[PDB]
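A.B. asks: Have a peek at coords_35.pdb (PDB, C-alpha atoms).
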```
ATOM      1  CA  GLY A   1      92.623  94.704 126.183  1.00  0.00           C
ATOM      2  CA  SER A   2      93.194  91.631 124.028  1.00  0.00           C
ATOM      3  CA  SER A   3      96.429  93.095 122.662  1.00  0.00           C
ATOM      4  CA  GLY A   4      98.947  93.783 125.411  1.00  0.00           C
ATOM      5  CA  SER A   5     101.881  96.192 125.313  1.00  0.00           C
ATOM      6  CA  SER A   6     105.003  94.022 125.190  1.00  0.00           C
ATOM      7  CA  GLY A   7     105.244  93.888 121.409  1.00  0.00           C
ATOM      8  CA  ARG A   8     104.716  96.542 118.745  1.00  0.00           C
ATOM      9  CA  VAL A   9     102.472  96.052 115.713  1.00  0.00           C
ATOM     10  CA  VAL A  10     103.870  96.501 112.205  1.00  0.00           C
ATOM     11  CA  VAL A  11     102.016  96.736 108.893  1.00  0.00           C
ATOM     12  CA  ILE A  12     103.339  96.183 105.371  1.00  0.00           C
ATOM     13  CA  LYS A  13     101.865  95.816 101.885  1.00  0.00           C
ATOM     14  CA  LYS A  14     103.601  94.005  99.026  1.00  0.00           C
ATOM     15  CA  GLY A  15     104.996  96.621  96.662  1.00  0.00           C
ATOM     16  CA  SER A  16     107.538  95.788  93.969  1.00  0.00           C
ATOM     17  CA  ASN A  17     110.519  93.862  95.341  1.00  0.00           C
ATOM     18  CA  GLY A  18     108.327  91.966  97.786  1.00  0.00           C
ATOM     19  CA  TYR A  19     108.134  93.356 101.314  1.00  0.00           C
ATOM     20  CA  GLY A  20     111.643  94.420 102.278  1.00  0.00           C
ATOM     21  CA  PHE A  21     112.699  92.219 105.185  1.00  0.00           C
ATOM     22  CA  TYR A  22     114.384  88.844 105.677  1.00  0.00           C
ATOM     23  CA  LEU A  23     114.173  86.212 108.415  1.00  0.00           C
ATOM     24  CA  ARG A  24     116.612  83.870 110.157  1.00  0.00           C
ATOM     25  CA  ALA A  25     116.544  81.107 112.771  1.00  0.00           C
ATOM     26  CA  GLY A  26     117.354  82.916 116.002  1.00  0.00           C
ATOM     27  CA  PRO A  27     118.848  81.342 119.146  1.00  0.00           C
ATOM     28  CA  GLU A  28     117.008  79.356 121.817  1.00  0.00           C
ATOM     29  CA  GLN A  29     114.614  82.301 122.064  1.00  0.00           C
ATOM     30  CA  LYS A  30     111.318  81.920 120.204  1.00  0.00           C
ATOM     31  CA  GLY A  31     110.589  83.926 117.069  1.00  0.00           C
ATOM     32  CA  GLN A  32     112.290  84.986 113.845  1.00  0.00           C
ATOM     33  CA  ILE A  33     114.972  87.659 113.502  1.00  0.00           C
ATOM     34  CA  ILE A  34     114.745  90.330 110.807  1.00  0.00           C
ATOM     35  CA  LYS A  35     117.672  91.676 108.783  1.00  0.00           C
ATOM     36  CA  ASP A  36     118.915  92.745 105.350  1.00  0.00           C
ATOM     37  CA  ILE A  37     116.119  95.320 105.242  1.00  0.00           C
ATOM     38  CA  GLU A  38     115.696  96.972 101.842  1.00  0.00           C
ATOM     39  CA  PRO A  39     115.702 100.783 101.499  1.00  0.00           C
ATOM     40  CA  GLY A  40     112.530 102.678 100.651  1.00  0.00           C
ATOM     41  CA  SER A  41     110.836  99.293 100.954  1.00  0.00           C
ATOM     42  CA  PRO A  42     107.390  98.555 102.445  1.00  0.00           C
ATOM     43  CA  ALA A  43     109.291  96.970 105.332  1.00  0.00           C
ATOM     44  CA  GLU A  44     111.441 100.015 106.087  1.00  0.00           C
ATOM     45  CA  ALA A  45     108.576 102.449 105.506  1.00  0.00           C
ATOM     46  CA  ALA A  46     106.440 100.338 107.839  1.00  0.00           C
ATOM     47  CA  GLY A  47     108.663 100.913 110.856  1.00  0.00           C
ATOM     48  CA  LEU A  48     110.597  97.648 110.992  1.00  0.00           C
ATOM     49  CA  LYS A  49     114.074  97.365 112.509  1.00  0.00           C
ATOM     50  CA  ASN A  50     117.125  95.155 111.984  1.00  0.00           C
ATOM     51  CA  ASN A  51     117.372  92.272 114.454  1.00  0.00           C
ATOM     52  CA  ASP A  52     113.625  92.366 115.098  1.00  0.00           C
ATOM     53  CA  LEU A  53     112.327  89.287 116.917  1.00  0.00           C
ATOM     54  CA  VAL A  54     108.835  88.282 115.790  1.00  0.00           C
ATOM     55  CA  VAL A  55     106.644  86.284 118.171  1.00  0.00           C
ATOM     56  CA  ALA A  56     103.385  86.528 116.227  1.00  0.00           C
ATOM     57  CA  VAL A  57     102.201  87.217 112.678  1.00  0.00           C
ATOM     58  CA  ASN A  58      98.695  88.526 111.997  1.00  0.00           C
ATOM     59  CA  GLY A  59      97.568  87.487 115.465  1.00  0.00           C
ATOM     60  CA  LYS A  60      99.033  84.000 115.138  1.00  0.00           C
ATOM     61  CA  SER A  61     101.701  82.293 117.246  1.00  0.00           C
ATOM     62  CA  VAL A  62     104.752  81.724 115.046  1.00  0.00           C
ATOM     63  CA  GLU A  63     107.378  81.710 117.797  1.00  0.00           C
ATOM     64  CA  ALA A  64     106.673  77.975 117.938  1.00  0.00           C
ATOM     65  CA  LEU A  65     107.150  77.428 114.203  1.00  0.00           C
ATOM     66  CA  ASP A  66     110.359  77.272 112.167  1.00  0.00           C
ATOM     67  CA  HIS A  67     111.906  79.422 109.436  1.00  0.00           C
ATOM     68  CA  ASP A  68     109.557  77.869 106.879  1.00  0.00           C
ATOM     69  CA  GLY A  69     106.589  77.947 109.238  1.00  0.00           C
ATOM     70  CA  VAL A  70     106.867  81.630 110.119  1.00  0.00           C
ATOM     71  CA  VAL A  71     107.909  82.666 106.612  1.00  0.00           C
ATOM     72  CA  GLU A  72     104.864  80.744 105.389  1.00  0.00           C
ATOM     73  CA  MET A  73     102.318  82.639 107.488  1.00  0.00           C
ATOM     74  CA  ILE A  74     103.481  85.836 105.787  1.00  0.00           C
ATOM     75  CA  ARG A  75     102.784  84.360 102.352  1.00  0.00           C
ATOM     76  CA  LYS A  76      99.250  83.806 103.647  1.00  0.00           C
ATOM     77  CA  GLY A  77      98.670  87.421 104.634  1.00  0.00           C
ATOM     78  CA  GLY A  78      98.306  87.989 100.910  1.00  0.00           C
ATOM     79  CA  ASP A  79      99.031  91.566  99.866  1.00  0.00           C
ATOM     80  CA  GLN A  80      99.482  93.034 103.347  1.00  0.00           C
ATOM     81  CA  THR A  81     100.428  91.388 106.642  1.00  0.00           C
ATOM     82  CA  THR A  82     100.853  92.408 110.280  1.00  0.00           C
ATOM     83  CA  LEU A  83     103.989  91.638 112.291  1.00  0.00           C
ATOM     84  CA  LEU A  84     104.425  91.490 116.067  1.00  0.00           C
ATOM     85  CA  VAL A  85     107.980  92.147 117.254  1.00  0.00           C
ATOM     86  CA  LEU A  86     109.344  92.895 120.724  1.00  0.00           C
ATOM     87  CA  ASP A  87     111.118  96.155 121.553  1.00  0.00           C
ATOM     88  CA  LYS A  88     111.647  96.211 125.319  1.00  0.00           C
ATOM     89  CA  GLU A  89     113.146  92.719 125.167  1.00  0.00           C
ATOM     90  CA  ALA A  90     114.300  91.984 121.617  1.00  0.00           C
ATOM     91  CA  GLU A  91     118.045  91.416 121.971  1.00  0.00           C
ATOM     92  CA  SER A  92     119.067  87.797 122.548  1.00  0.00           C
ATOM     93  CA  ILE A  93     121.921  86.622 124.769  1.00  0.00           C
ATOM     94  CA  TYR A  94     124.532  84.412 123.107  1.00  0.00           C
ATOM     95  CA  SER A  95     125.971  81.387 124.909  1.00  0.00           C
ATOM     96  CA  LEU A  96     129.674  81.206 125.756  1.00  0.00           C
ATOM     97  CA  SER A  97     131.385  78.102 124.374  1.00  0.00           C
ATOM     98  CA  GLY A  98     134.801  77.567 122.818  1.00  0.00           C
ATOM     99  CA  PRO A  99     137.798  78.839 124.817  1.00  0.00           C
ATOM    100  CA  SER A 100     140.829  80.489 123.218  1.00  0.00           C
ATOM    101  CA  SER A 101     142.930  78.317 120.910  1.00  0.00           C
ATOM    102  CA  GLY A 102     145.843  78.443 118.485  1.00  0.00           C
TER     103      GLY A 102
END
```
For the file at hand, write its structure as structure tokens.
C.D. replies:
Amino acid sequence: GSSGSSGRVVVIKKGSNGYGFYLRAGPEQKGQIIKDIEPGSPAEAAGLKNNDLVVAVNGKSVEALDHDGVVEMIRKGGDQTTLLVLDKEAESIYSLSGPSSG
């Protein structure tokens, strides 16, 4: 079973206003976080989800790339592209720095 379980597979196809999902540089964790999902968009109709951490794109390791890197791969998929996000362990813990003040 080449493809494991830890990580769902999404599928989208460029429609009108692009795909319907943005990306941002997440914390230490590897991968890109999704957000600002557009309604009735190929991204929302695909099964995406806000705060979705992507580790691979079209069977490629992007968790090692940067905003541009990952975002680039997508532009390569052409019309449609597959996304690999984690569900069981998607949330990311935030460090604790900066004690009360003023």
A.B. asks: Please produce, as a Markdown table, a per-residue contact table for range 36-89 of chain A versus range 6-22 of chain A (criterion: any atom at most 8 Å away, all atoms listed in the file considered), showing the nearest atom pair and its distance in Å to one decimal, sorted by chain then residue number.
C.D. replies:
```
| residue | atom | partner | partner_atom | distance |
| --- | --- | --- | --- | --- |
| A:36 | CA | A:22 | CA | 6.0 |
| A:37 | CA | A:21 | CA | 4.6 |
| A:38 | CA | A:20 | CA | 4.8 |
| A:39 | CA | A:20 | CA | 7.6 |
| A:41 | CA | A:20 | CA | 5.1 |
| A:42 | CA | A:19 | CA | 5.4 |
| A:43 | CA | A:20 | CA | 4.6 |
| A:44 | CA | A:20 | CA | 6.8 |
| A:46 | CA | A:12 | CA | 5.7 |
| A:47 | CA | A:10 | CA | 6.7 |
| A:48 | CA | A:10 | CA | 6.9 |
| A:79 | CA | A:14 | CA | 5.2 |
| A:80 | CA | A:13 | CA | 3.9 |
| A:81 | CA | A:12 | CA | 5.8 |
| A:82 | CA | A:11 | CA | 4.7 |
| A:83 | CA | A:10 | CA | 4.9 |
| A:84 | CA | A:9 | CA | 5.0 |
| A:85 | CA | A:7 | CA | 5.3 |
| A:86 | CA | A:7 | CA | 4.3 |
| A:87 | CA | A:7 | CA | 6.3 |
| A:88 | CA | A:6 | CA | 7.0 |
```
A.B. asks: Taking into account all atoms listed in the file, which residue in the set A:52, A:63, A:45, A:27 is nearest to residue 94 in chain A?
C.D. replies: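 Ranked by minimum distance to residue 94 in chain A, first place goes to A:27.
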A.B. asks: Using all atoms listed in the file, can you tell me which of A:78, A:67, A:4, A:29 comes closest to residue 95 in chain A?
C.D. replies: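 Of all the options, A:29 lies closest to residue 95 in chain A.
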A.B. asks: Enumerate, as JSON, numbers by chain, the residues matched when the PyMOL selection byres ((chain A and resi 61) around 12) is run on the file above.
C.D. replies: {"A": [30, 31, 32, 54, 55, 56, 57, 58, 59, 60, 62, 63, 64, 65, 66, 69, 70, 73, 83, 84, 85]}
A.B. asks: Selection from above, C-alpha atoms, as a PDB file, keeping the file's coordinate frame, can you write it?
C.D. replies:
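Saved to again.pdb:
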```pdb
ATOM      1  CA  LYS A  30     111.318  81.920 120.204  1.00  0.00           C
ATOM      2  CA  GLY A  31     110.589  83.926 117.069  1.00  0.00           C
ATOM      3  CA  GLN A  32     112.290  84.986 113.845  1.00  0.00           C
ATOM      4  CA  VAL A  54     108.835  88.282 115.790  1.00  0.00           C
ATOM      5  CA  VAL A  55     106.644  86.284 118.171  1.00  0.00           C
ATOM      6  CA  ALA A  56     103.385  86.528 116.227  1.00  0.00           C
ATOM      7  CA  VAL A  57     102.201  87.217 112.678  1.00  0.00           C
ATOM      8  CA  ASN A  58      98.695  88.526 111.997  1.00  0.00           C
ATOM      9  CA  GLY A  59      97.568  87.487 115.465  1.00  0.00           C
ATOM     10  CA  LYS A  60      99.033  84.000 115.138  1.00  0.00           C
ATOM     11  CA  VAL A  62     104.752  81.724 115.046  1.00  0.00           C
ATOM     12  CA  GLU A  63     107.378  81.710 117.797  1.00  0.00           C
ATOM     13  CA  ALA A  64     106.673  77.975 117.938  1.00  0.00           C
ATOM     14  CA  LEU A  65     107.150  77.428 114.203  1.00  0.00           C
ATOM     15  CA  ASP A  66     110.359  77.272 112.167  1.00  0.00           C
ATOM     16  CA  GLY A  69     106.589  77.947 109.238  1.00  0.00           C
ATOM     17  CA  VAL A  70     106.867  81.630 110.119  1.00  0.00           C
ATOM     18  CA  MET A  73     102.318  82.639 107.488  1.00  0.00           C
ATOM     19  CA  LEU A  83     103.989  91.638 112.291  1.00  0.00           C
ATOM     20  CA  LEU A  84     104.425  91.490 116.067  1.00  0.00           C
ATOM     21  CA  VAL A  85     107.980  92.147 117.254  1.00  0.00           C
TER      22      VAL A  85
END
```
A.B. asks: Could you work out how far CA of residue 2 in chain A lies from CA of residue 74 in chain A, giving the answer in Å with one decimal?
C.D. replies: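 Between CA of residue 74 in chain A and CA of residue 2 in chain A the gap is 21.7 Å.
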A.B. asks: Quick check, in Å to one decimal: how far apart do CA of residue 49 in chain A and CA of residue 97 in chain A lie?
C.D. replies: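 Interatomic distance here is 28.5 Å.
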A.B. asks: State, in Å with one decimal place, the distance from CA of residue 33 in chain A to CA of residue 3 in chain A.
C.D. replies: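 Between these atoms lies a distance of 21.4 Å.
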A.B. asks: Can you complete the atoms of range 17-34 of chain A to N, CA, C and O atoms and list them as a tab-separated table (two decimals), in the frame of the given file?
C.D. replies:
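Full text of out.tsv as output:
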```tsv
chain	number	residue	atom	x	y	z
A	17	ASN	N	109.53	94.89	95.01
A	17	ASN	CA	110.52	93.86	95.34
A	17	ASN	C	110.10	93.09	96.59
A	17	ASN	O	110.92	92.83	97.47
A	18	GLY	N	108.83	92.71	96.65
A	18	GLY	CA	108.33	91.97	97.79
A	18	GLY	C	107.93	92.87	98.94
A	18	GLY	O	107.17	93.82	98.76
A	19	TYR	N	108.44	92.57	100.13
A	19	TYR	CA	108.13	93.36	101.31
A	19	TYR	C	109.30	94.26	101.68
A	19	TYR	O	109.16	95.48	101.76
A	20	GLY	N	110.46	93.65	101.92
A	20	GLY	CA	111.64	94.42	102.28
A	20	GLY	C	112.20	94.02	103.63
A	20	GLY	O	112.63	94.88	104.41
A	21	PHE	N	112.19	92.73	103.92
A	21	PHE	CA	112.70	92.22	105.18
A	21	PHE	C	112.93	90.71	105.12
A	21	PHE	O	112.11	89.97	104.57
A	22	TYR	N	114.05	90.26	105.68
A	22	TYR	CA	114.38	88.84	105.68
A	22	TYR	C	114.17	88.23	107.06
A	22	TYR	O	113.86	88.94	108.02
A	23	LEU	N	114.34	86.92	107.15
A	23	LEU	CA	114.17	86.21	108.42
A	23	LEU	C	115.26	85.15	108.60
A	23	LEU	O	115.77	84.60	107.62
A	24	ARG	N	115.59	84.87	109.85
A	24	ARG	CA	116.61	83.87	110.16
A	24	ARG	C	116.28	83.14	111.45
A	24	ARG	O	115.58	83.67	112.32
A	25	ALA	N	116.79	81.91	111.58
A	25	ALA	CA	116.54	81.11	112.77
A	25	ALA	C	117.35	81.63	113.96
A	25	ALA	O	118.54	81.36	114.07
A	26	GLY	N	116.68	82.37	114.84
A	26	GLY	CA	117.35	82.92	116.00
A	26	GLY	C	117.79	81.84	116.98
A	26	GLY	O	117.61	80.65	116.74
A	27	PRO	N	118.37	82.26	118.11
A	27	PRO	CA	118.85	81.34	119.15
A	27	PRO	C	117.70	80.66	119.88
A	27	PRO	O	116.56	80.69	119.43
A	28	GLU	N	118.01	80.05	121.02
A	28	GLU	CA	117.01	79.36	121.82
A	28	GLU	C	115.69	80.13	121.83
A	28	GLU	O	114.62	79.56	121.66
A	29	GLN	N	115.79	81.44	122.03
A	29	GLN	CA	114.61	82.30	122.06
A	29	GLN	C	113.63	81.92	120.96
A	29	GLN	O	114.02	81.36	119.93
A	30	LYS	N	112.36	82.23	121.18
A	30	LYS	CA	111.32	81.92	120.20
A	30	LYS	C	111.04	83.12	119.30
A	30	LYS	O	111.00	84.26	119.77
A	31	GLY	N	110.86	82.86	118.01
A	31	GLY	CA	110.59	83.93	117.07
A	31	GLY	C	111.64	84.02	115.98
A	31	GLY	O	112.68	83.37	116.06
A	32	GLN	N	111.36	84.82	114.96
A	32	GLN	CA	112.29	84.99	113.84
A	32	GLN	C	112.96	86.36	113.90
A	32	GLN	O	112.33	87.35	114.29
A	33	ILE	N	114.22	86.41	113.50
A	33	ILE	CA	114.97	87.66	113.50
A	33	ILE	C	114.98	88.29	112.12
A	33	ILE	O	115.19	87.61	111.11
A	34	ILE	N	114.76	89.60	112.07
A	34	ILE	CA	114.74	90.33	110.81
A	34	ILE	C	116.12	90.92	110.50
A	34	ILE	O	116.91	91.20	111.40
```
